[PDB]
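To keep things clear, I will list the structure first and then write my remarks on it.
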Amino acid sequence: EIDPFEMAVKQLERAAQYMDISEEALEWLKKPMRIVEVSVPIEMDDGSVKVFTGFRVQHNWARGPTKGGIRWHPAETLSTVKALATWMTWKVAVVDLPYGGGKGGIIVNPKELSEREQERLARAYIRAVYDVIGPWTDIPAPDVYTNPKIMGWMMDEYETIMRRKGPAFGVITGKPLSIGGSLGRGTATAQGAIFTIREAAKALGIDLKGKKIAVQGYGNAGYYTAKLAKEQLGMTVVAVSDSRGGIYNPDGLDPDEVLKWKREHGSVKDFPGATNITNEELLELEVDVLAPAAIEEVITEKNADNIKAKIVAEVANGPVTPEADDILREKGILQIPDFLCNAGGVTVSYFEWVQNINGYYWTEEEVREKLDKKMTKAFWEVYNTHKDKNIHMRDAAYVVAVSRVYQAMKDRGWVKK
Amino acid sequence: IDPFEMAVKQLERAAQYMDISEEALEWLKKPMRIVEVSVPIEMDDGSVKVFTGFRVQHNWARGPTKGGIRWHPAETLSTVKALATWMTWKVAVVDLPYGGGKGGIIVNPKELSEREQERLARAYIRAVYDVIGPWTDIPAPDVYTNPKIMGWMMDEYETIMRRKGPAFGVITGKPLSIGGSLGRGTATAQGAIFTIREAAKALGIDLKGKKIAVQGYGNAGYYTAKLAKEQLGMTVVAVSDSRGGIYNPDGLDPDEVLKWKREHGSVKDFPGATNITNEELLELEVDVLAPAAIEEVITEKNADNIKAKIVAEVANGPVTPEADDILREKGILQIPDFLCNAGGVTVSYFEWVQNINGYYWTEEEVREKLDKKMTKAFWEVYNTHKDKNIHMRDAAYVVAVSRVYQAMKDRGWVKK
Amino acid sequence: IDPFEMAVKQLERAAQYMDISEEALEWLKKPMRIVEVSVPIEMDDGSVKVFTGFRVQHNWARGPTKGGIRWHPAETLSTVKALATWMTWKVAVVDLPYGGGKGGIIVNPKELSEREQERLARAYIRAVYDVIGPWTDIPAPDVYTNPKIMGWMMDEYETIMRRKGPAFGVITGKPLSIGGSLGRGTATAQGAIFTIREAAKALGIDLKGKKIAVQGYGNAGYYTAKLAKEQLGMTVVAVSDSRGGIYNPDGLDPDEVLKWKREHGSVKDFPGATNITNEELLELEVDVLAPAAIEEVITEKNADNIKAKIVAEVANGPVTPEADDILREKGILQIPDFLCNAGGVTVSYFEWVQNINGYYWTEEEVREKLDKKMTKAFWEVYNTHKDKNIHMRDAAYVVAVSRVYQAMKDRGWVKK
Amino acid sequence: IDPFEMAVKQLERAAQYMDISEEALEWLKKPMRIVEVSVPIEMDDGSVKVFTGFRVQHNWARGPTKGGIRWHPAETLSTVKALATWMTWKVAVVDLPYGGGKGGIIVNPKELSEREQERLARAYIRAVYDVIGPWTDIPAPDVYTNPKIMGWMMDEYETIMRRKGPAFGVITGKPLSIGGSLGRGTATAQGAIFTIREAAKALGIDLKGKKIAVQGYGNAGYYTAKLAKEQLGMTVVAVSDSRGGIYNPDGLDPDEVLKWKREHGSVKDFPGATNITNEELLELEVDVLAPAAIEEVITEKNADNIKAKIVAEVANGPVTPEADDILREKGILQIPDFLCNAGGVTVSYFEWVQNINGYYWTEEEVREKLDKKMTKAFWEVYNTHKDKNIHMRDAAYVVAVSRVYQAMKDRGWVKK
């Protein structure tokens with residue numbers, strides 16, 4: 001229907017308040033430029049042919065090829081896919097990638113599918129959307145219930161149809177390392193987040209080394225943000241959590257042994273010295289850095305006045321709500337907005353694509369140097385925009401992103417003004 | 001949505017009269033590719049506006065998808081989808097090596113300048129270029145689009161395609177100077193005259209000196225009367241415009257009637273003719289009745305008063321389903337609309353063949369081919385109706401859906 | 001490699017009957033392109049198996065190469081090459097704008113499920129895509145491949161090609177739904193009947209009422225018998241198959257004995273006949289003998305016993321070269337195999353023409369055209385044998401090799 | 001055939017030192033694509049002559065296939081196939097995003113004029129055009145082909161390609177004026193030197209002032225001696241031609257020796273040197289012995305008489321498998337040929353990278369990148385041999401085949 005999309009358009013309209021943008025250009029940006037819906041037929045293991053529904057949305061490619069993941073999910077809608085493609089346009093523009101925004105999806109429950117039917121689905125998706133994707137057109141990537149395994153299957157099929165005529169590795173990212181993958185992909189989101197957390201404390205004078213962090217969540221993001229916040233920033237991880245509960249212990253938790261416990265015990269609860277707490281105890285925890293590395297709107301109106309960290313680093317997307325926002329800005333709390341804070345992920349995927357189309361692969365250290373600079377410069381631009389335009393960090397991020405996209409459209413002559 | 005859900009329902013009905021696997025049904029219910037795109041133009045009043053454009057390609061099992069583009073303020077994706085699905089049956093009933101497609105732009109085009117119209121034509125092609133082509137998807141005129149717009153569209157395609165292929169063949173309905181076909185104007189009527197002749201044959205009637213009534217005196221109606229008289233030797237005893245009808249049991253001459261309508265604004269008072277009503281024309285005792293006008297004009301209410309031996313549905317939809325049941329039980333032979341008026345989609349196929357071949361046919365050549373095509377389509381629908389004991393309408397669908405399904409099975413798309 | 005070597009040797013004999021430079025001759029002895037590919041499939045049991053496929057394009061001076069794909073466990077690159085070389089002569093004797101190609105996979109298709117067979121067919125097209133296509137190299141069915149597999153292959157090609165061109169025309173022998181041709185299943189037999197009729201004409205023989213015997217009773221034998229009876233007015237006095245022959249001086253009904261064959265496994269012990277042996281069948285006093293089973297059935301041992309006025313070689317290689325001399329001494333007109341049974345490849349050409357022209361022919365259209373290709377091909381070869389005063393078989397090769405060699409010179413491939 | 005059978009068996013041996021599924025083993029036993037083409041040229045005679053060319057692409061899982069073209073009168077498809085197969089483990093051991101390819105023409109180039117050689121280089125490209133290209137299959141020089149021939153080939157490609165893409169990147173070993181790379185000429189030696197330096201590091205040997213002998217004195221032997229001295233600061237106590245060796249416990253100067261060899265044809269009687277035999281050179285008590293001439297120079301017969309701490313296999317195939325066991329049991333560290341001489345293919349890579357990126361590197365940049373790749377490659381094969389406790393040759397296959405096999409699984413080519 002829409003409303004994920006309604007929502008995306010709304011936050012674009014809101015940001016048009018903090019910058020001069022023509023109506024022409026605003027209207028153009030509210031429409032995804034190409035939306036494709038295709039039948040994705042596979043033959044089940046039992047011999048029956050099922051047709052699934054797939055989408056690929058290319059929101060805007062003024063700045064270059066569109067970029068974005070493919071989600072396999074039974075509750076997938078075109079409204080979601082469009083909303084997310086719109087957000088991708090801003091996300092890649094906030095870290096100055098020469099990309100537009102794109103996204104895809106199949107309405108499927110993948111855990112009903114065997115490996116073999118999953119490869120069929122991955123290959124049938126590519127055979128269906130082939131004419132609108134490509135290394136210089138639209139470059140997919142993993143997402144919800146897709147992973148490098150499926151990326152490899154999709155790449156191979158693309159290379160088969162293309163007849164090995166071009167950099168087919170660069171048709172898609174998140175690939176296995178054996179076939180065009182990139183080092184640094186797993187750490188990407190956390191690592192970028194950590195750079196922004198660093199440049200934030202820098203801007204704030206906060207010395208950071210030894211100071212406290214709490215990380216709400218323990219997926220890949222949460223675990224690694226905790227790890228690097230520690231072993232890279234000198235912080236004391238005094239709290240983390242998982243879906244079923246969190247733990248505190250202000251002497252210093254160890255993210256690995258906490259992870260062993262988590263996998264050992266299903267949860268970080270009960271941990272060695274871990275004064276078990278609630279998530280909101282974690283959110284209302286007095287730290288230097290709080291990283292809600294889990295779930296949307298967890299700091300809303302009904303808790304925001306009790307958020308204690310000097311810096312809120314949104315590794316998770318959408319943790320802080322607009323009302324939550326205003327409180328925190330006026331509290332004096334510096335949020336690193338999600339799509340700037342976790343852009344390290346889309347940045348390392350740009351790097352993957354660059355290694356592919358150039359036929360030359362970087363090192364673990366080269367990728368991080370490069371990620372460091374992107375994240376650093378991106379944060380600075382948003383930070384100085386929010387200072388100079390005296391607006392909230394989030395709106396600054398949108399003004400940075402939408403200005404790039406707007407400018408590109410103008411320079412092509414897409415909009416005259 | 002409603003129009004699309006309607007098209008889906010009509011397939012599920014047709015599936016009641018034939019054996020089709022569930023997996024093939026589920027496939028035919030889903031359009032295989034839908035494309036929605038921004039279509040930006042610069043308006044004359046200086047603004048840049050981005051209209052929403054669609055191209056739907058329902059199924060290409062039999063060949064490239066074929067179908068018109070609508071410029072219309074009420075365009076929904078659901079209408080474009082329904083029309084693509086229906087177009088798959090239309091091209092299959094008359095055995096064209098095509099699947100079904102359709103497009104439209106959501107715009108009120110009524111007051112767009114020629115300049116804005118060309119820009120919109122061109123911007124549409126530039127948006128959908130990657131999914132169309134002489135061997136992929138071949139558009140055509142529809143609501144608010146015409147040959148003029150087809151020419152601008154072709155030209156833009158050729159310019160992007162770099163003249164590397166048969167670009168004329170990317171779209172039909174083109175002006176004659178640039179790859180258009182002869183026989184396009186009279187195609188609907190001429191095709192109908194062939195099925196009327198074949199229906200008569202099926203019924204054992206010789207139409208020479210038999211009586212025909214035609215409801216409607218636009219292009220379709222006028223040429224149906226004119227050709228029935230001319231080719232089939234029939235006596236045009238009634239025709240009618242939107243206002244009313246005229247009658248003369250010794251025959252109206254369709255040209256004179258057209259002349260009269262030109263001068264007087266209506267067929268009314270035509271010298272020697274009895275003024276009758278539309279609904280009276282419908283009930284005349286004639287060998288052929290050709291509703292060439294509005295839809296649902298033969299219904300549950302008047303269907304039992306029809307006296308025609310053959311009812312040629314030249315207009316789309318002129319007979320409702322209750323009326324179907326009645327006319328059948330009365331032994332009245334209906335030529336269902338998408339069979340009867342298929343000469344249109346047939347002659348648009350002919351155009352493509354001419355383009356793709358770089359060689360153009362005469363009037364006589366187009367007519368002879370249209371004859372063959374229409375004649376075999378009638379017999380196929382007729383024999384299916386007899387052999388299966390089903391209404392002519394349901395037989396037309398079983399013939400269409402059977403073709404597409406056979407093609408799907410023969411490609412390995414569905415195993416079953 | 002004896003199969004290819006045998007092919008080369010035959011080209012070398014034909015050079016003895018015409019003026020052809022060493023240049024050209026050395027060119028024609030080599031296949032211009034030979035592709036050998038890994039064709040992997042995931043078996044039903046999840047295991048992946050790599051099969052070996054070949055595609056061979058012998059010579060494309062005259063146009064794209066044409067030829068079928070054998071799925072057979074003793075396929076060798078040498079046979080494929082031999083067959084490709086021979087295809088070039090076959091497409092040329094009957095004057096197609098083609099050259100010759102052939103392909104094959106080393107697989108026993110009888111051990112693969114339909115799902116595994118579709119995977120194989122698709123893996124083959126995925127493997128050879130870059131060297132085949134509608135104006136490059138056009139495959140077709142052969143040993144253990146059929147229209148079902150052609151449809152699968154055409155489909156995988158269309159998919160990789162992104163429907164940019166006439167993907168129907170990449171391969172012939174397709175199901176009718178997706179571009180196949182009428183006239184296909186009886187093409188070989190029908191082609192032979194035309195050359196039989198022209199041979200009779202050359203001999204001054206009126207075939208109505210005259211006797212024909214046919215060795216072999218598969219599709220070609222069956223339809224050779226049936227069409228000679230019905231079209232030529234002949235009396236079918238004997239037919240046979242692997243298990244034996246049957247004789248009736250008064251005539252056999254081809255459908256009755258086909259029903260008996262289907263019922264009992266062989267034409268043998270048909271109640272409406274006496275049994276005779278295959279050799280006895282070969283020696284009957286008939287106007288036409290049509291060997292339509294296996295190769296080398298007429299040899300040095302029995303060639304003197306043949307009494308047939310015309311030997312129509314429906315099968316490939318039924319007569320040995322010793323037999324050629326003998327029968328030609330005896331005054332027996334042979335219709336050499338690759339001439340006699342060329343109606344198949346002629347009709348496959350017709351199918352490709354319909355595909356690339358997006359326009360399909362009627363049964364009777366495919367027939368008249370076949371009729372003329374075959375007739376014309378026959379008088380060409382017959383008048384060569386007459387003028388150059390040589391064996392029909394050598395006149396056939398001269399005609400073929402001359403065409404291919406003229407095209408090579410006209411391109412400047414060879415300078416003489 | 002045999003060369004190929006040898007390669008298959010070397011792979012079958014590899015498999016026993018790692019985990020590799022039978023379906024993956026069988027896949028890897030087979031060249032995925034094999035092209036055999038006619039390659040015609042007009043002689044300066046004016047006569048047209050058709051040569052036989054091959055191009056084999058064994059496996060492209062890791063990326064485009066890389067490998068050279070051989071002009072040689074005893075060229076066999078089995079040979080091109082064996083070398084293509086070997087090419088795949090080479091580009092893998094050194095972690096290039098490539099797979100293995102190889103090509104060949106059966107010709108005596110020595111009998112070909114320069115004009116005719118160009119014609120042949122151009123015809124080869126005209127014939128294999130569809131299966132090669134910057135992202136498909138990138139050739140290189142080999143036996144009797146050189147940068148001069150690459151430039152002709154690249155040019156013909158660029159002409160057929162219509163300059164649509166980075167045509168420089170279709171073929172490596174190019175002249176510097178049209179996309180060639182610096183570092184090319186000394187790439188194999190320079191790479192041998194890095195591996196030698198690292199082998200030393202591994203053994204705790206400082207090579208400064210240690211003795212090296214080098215068998216063979218083409219480019220590879222020459223530059224190995226020259227750099228071992230200049231870079232590694234070794235004493236070159238002996239080098240050797242085909243004629244024989246020369247020795248001097250005090251040192252030979254590689255440049256002097258080459259001058260001398262240039263002025264005389266041979267190294268024999270180099271001032272101050274004692275003439276020794278090649279077998280005497282091999283048995284020299286040195287720190288590094290580099291067989292940079294012919295294959296199977298170290299065998300069962302003489303392997304026990306080898307006194308080098310390091311056998312750097314600069315040539316391909318110098319030590320036999322029996323010899324491998326003897327040397328290893330003796331504590332001698334071999335640097336297996338396809339790891340040790342991989343600097344050539346490593347710089348052909350850097351060339352292709354510069355070509356597709358339209359940006360060229362310096363001598364210094366080429367050399368440091370190579371240093372890094374050859375070093376990193378060495379330690380991997382080294383630590384494999386140590387950790388699996390296997391011969392360095394088998395470790396190099398384990399490293400290489402594991403890479404090619406991991407890419408196949410991640411594409412889903414082989415399921416296990």
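Every chain is numbered from 1, with letters handed out A, B, ... down the list of sequences.
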Under 4.5 Å from a heavy atom of chain C, the part of [X] involved:
{"X": "D:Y129", "result": "neither"}
{"X": "D:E42", "result": "side chain"}
{"X": "D:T52", "result": "both"}

message: Ring centres under 6.0 Å, that's the criterion: do C:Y98 and C:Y349 meet it?
response: yes
Quiz item: So C:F54 and C:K102, side chain to side chain contact (heavy atoms under 4.5 Å, CB included) or not? Walk me through it.
Solution: CA-CA 8 Å; C:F54 313 121; C:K102 206 76 163 207; over 6 Å; no
So does C:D45 have more than 12 non-hydrogen atoms from other groups sitting under 6.0 Å from CG?
yes
Could you check whether any side-chain N or O of [X] sits under 3.5 Å from a backbone N or O of [Y], counting only pairs where one atom can act as donor and the other as acceptor?
{"X": "D:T85", "Y": "D:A7", "answer": "no"}
{"X": "C:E156", "Y": "C:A123", "answer": "no"}
{"X": "C:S348", "Y": "C:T172", "answer": "no"}

The ring pair (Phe, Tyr, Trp, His ring centres under 6.0 Å) partner of D:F338 among D:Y397, D:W89, D:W86 is D:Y397
Counting heavy-atom pairs under 4.5 Å with chain C, the top scorer among D:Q57, D:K30, D:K49 is D:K30
Counting heavy-atom pairs under 4.5 angstrom with chain C, the leader among D:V50, D:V56, D:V131 is D:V50
Task: Check against salt bridge (charged side-chain N to carboxylate O under 4.0 Å, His left out), D:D155 and D:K174 - done: CA-CA 11 Å; D:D155 189 65; D:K174 288 189 300 310; over 6 Å; no
Contact list (residues 403-416 of chain C to chain D, heavy-atom gap under 4.5 Å, by number) returns C:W413, C:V414, C:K415
